[PDB]
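What follows is one chain in structure tokens, specifically the form deposited in one PDB entry.
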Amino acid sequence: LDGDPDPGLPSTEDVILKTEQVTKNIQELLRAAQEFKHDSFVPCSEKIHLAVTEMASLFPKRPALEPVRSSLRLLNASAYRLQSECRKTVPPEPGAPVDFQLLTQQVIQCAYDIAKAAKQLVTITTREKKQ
């Protein structure tokens, strides 16, 4: 803990590496989709959540940024949706009941959303001065 909300970020570098790593984790989910790797979706989605939680963890329990407050909602929700979506994959036979075709669309939408959501977070830190 500390007290009042923070205007900017604690560590500039930590943020960059935290965001840069997020984009990479997402690529794993996308690449696995095009290569039809439902079994790789479980881990690919998990690794992505780590970057999301790890990044948010660096932030205080009470942010002082307008976009930071909302960004935490979409960011956290992004990793949550991907986990729940990937959680129900089609590792079994190809004739399974699950809609494998729809699965790829779900992971792509979530991955693309979380990936783009990071752009707004990385740009906010760079543009920010905290002086």
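Numbers for residues come from their place in the sequence shown, where the first is 1.
The following text describes the form deposited with a partner chain bound, which does not appear among the structures shown.
Undergrad: In the deposited complex, do 45, 56 and 84 all put a heavy atom within 4.5 Å of its partner chain?
TA: The answer is no; none of 45, 56 and 84 reaches its partner chain.
Undergrad: With its partner chain left out of view, which of 72, 90, 30, 65 would have a heavy atom within 4.5 Å of it in the deposited complex?
TA: Contact residue from the list: 30.
Undergrad: Does any heavy atom of residue 111 come within 4.5 Å of a heavy atom of its partner chain in the deposited complex?
TA: Contact check for residue 111: yes, within 4.5 Å of its partner chain in the deposited complex.
Undergrad: Whether residue 9 contacts its partner chain in the deposited complex should be assessed with a 4.5 Å heavy atom distance threshold; does it?
TA: Heavy-atom contact with its partner chain at 4.5 Å: absent for residue 9.
Undergrad: Can you check whether residue 76 is within 4.5 Å of its partner chain in the deposited complex, heavy atom basis?
TA: Looking in the deposited complex, residue contacts with its partner chain do not include residue 76, since no heavy atom lies within 4.5 Å.
Undergrad: Quick one: is residue 26 in contact with its partner chain in the deposited complex, heavy atoms, 4.5 Å cut-off?
TA: Yes, residue 26 lies within 4.5 Å of its partner chain in the deposited complex.
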